[PDB]
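Below sits a lone chain in structure tokens, taken as the form deposited in one PDB entry.
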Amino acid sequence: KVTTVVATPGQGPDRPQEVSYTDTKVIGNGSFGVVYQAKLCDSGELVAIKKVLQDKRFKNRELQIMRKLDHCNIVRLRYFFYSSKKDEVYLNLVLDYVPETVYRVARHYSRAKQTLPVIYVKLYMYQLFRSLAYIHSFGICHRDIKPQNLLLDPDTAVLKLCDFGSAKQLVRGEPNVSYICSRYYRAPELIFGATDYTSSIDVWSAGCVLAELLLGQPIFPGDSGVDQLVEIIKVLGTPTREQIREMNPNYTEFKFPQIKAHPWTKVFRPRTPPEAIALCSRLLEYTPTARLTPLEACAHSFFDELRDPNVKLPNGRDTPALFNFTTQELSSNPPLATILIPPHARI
């Protein structure tokens, strides 16, 4: 069937127009709603359509958030439209289709008993940090960073952050739910019940993604909420009283047995690039303010190879765009631009 709807450009306009699409197939289904894949008639371009049930007397956070964003490492909202039980309204987010995920790529290497090539680890993580620098600059926190939410174009190695259904614009003083983020990637302050956390929970989750890419498996595979901390404590040891206060000021534990951190160099396999372990240690900190900012993470020595004029993908292809920074993306530390953008990148 060819479906024709009236839809508003994501950016916008925003003046509604007719959009036609076909080859509709279900690719996802959960308690969030359904995701379809489809083909736009004018373009032949593939799209994913995320159908969600909407309270028609309230506004969608994910829509409002998605409308603000325009970045080469974020899934683009092309259109949105309303459907569809009688008085039931559905919101439909029309997104660019991206066929692979960092999850499925890493799992292929994992099942083959081998590690993802270092160059890809640099590429994917760097593009992830860029997307985070961008969304954080509006005060938006993603709140669900994990490999399944990192889309990959298998040929060009472009990464796009997706699934803003947990995302929120964080306002200081105004509390936020603590049971958030997938368990393996959940920052310790959340486990401790923090409601006054910051965007730096995304950096923790990005650290977990990094460590996972290095190990071939999740660094903190908790069987539950409490076990998630057990897992964290096996690597980082117990937090100090000053780290507890930094994570959640409203939490007090007067007596507990203190455990020393396990050395980072033993967490990872012997062959693991020391610079990856160095980066990881600056992301997986108990103290939220001690974690690197995404921009800081981008400027780290570990991504030096990406700033090299002669760099290439293992498939011979040139790497995707890495240096097209905007004032918005650089706003947390504008001077950094001269390190992030190498001499050979400038027009």
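Numbers follow the displayed sequence, beginning with 1. Rigid core (definition): largest C-alpha set, two forms, superposition within 1.5 Å.
The discussion below concerns the form deposited in another entry, not included here.
- Measuring CA movement between this form and the one not shown with the rigid core aligned, the set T265, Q258, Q217, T195 has one residue at 2 Å or more: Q258.
- Once the rigid core is used as the reference frame, the Cα position of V34 differs between this form and the one not shown by 2 Å or more.
- In this overlay on the rigid core, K68 has a C-alpha that sits less than 2 Å away from its partner position between this form and the one not shown.
- Shown in the overlay between this form and the one not shown, fitted on the rigid core, is a CA shift at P249 of 2 Å or greater.
- Figure legend: C-alpha atoms of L229 and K255, shown here, are separated by at least 3 angstroms less in the other entry.
- Annotation: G207/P257 CA-CA distance shorter in the other entry than in the displayed model, change of at least 3 Å.
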